[PDB]
């Protein structure tokens, strides 16, 4: 999978802004990991021209249709399942082969930080440490 189409994430949380800015935050980590990410503005514009702005709609489109349009190897689907305040955010994701709809990868994360103090520095160190541990496990 050289290239990834990231669709707007589904929001299954009570909070509107639960997904605000999230699609944008995926670009950098994915390029770092060696994937070509389809640029967001063009993707947004393509969906709009095709009469789709709603995330639920887009997540319902068959991956084969998406391939017809963009030529992406894969599609990244993200859903925020928790968002609210101690602030907690939880989300899950799957990477799907766009030609056959086969699942390529699946994962989820839930992260909490005491409302009393806010620091992505320390939060970043913690999640990084947890990901380091999984990378070294029996897989």
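Positions refer to the first chain, counted from 1.
Colleague: Residues without coordinates, deposited sequence, stretch from residue 85 to residue 86: is the count none, 1 to 3, 4 to 9, or 10 or more?
Modeller: Missing residues, residue 85 to residue 86: 4 to 9.
Colleague: Would you mind comparing 87-95 and 110-118 for me and telling me which has the higher average C-alpha temperature factor in the entry?
Modeller: For C-alpha atoms only, the mean B-factor is higher in 110-118.
Colleague: For the higher mean C-alpha B factor in the entry, choose 58-66 or 44-52.
Modeller: Per the deposited B-factors, the answer is 44-52.
Colleague: Taking only the Cα B-factors deposited for this chain, tell me whether residue 134 sits in the lowest, middle or highest third.
Modeller: Tercile = middle for this residue's CA B-factor.
Colleague: Using the B-factors in the PDB entry, rank residue 73's C-alpha atom against the chain and give the third, lowest, middle or highest.
Modeller: CA B-factor rank for residue 73: middle third.
Colleague: Sorting the chain's CA B-factors, does residue 127 end up in the lowest, middle or highest third?
Modeller: Lowest third, going by the recorded CA B-factors of the chain.
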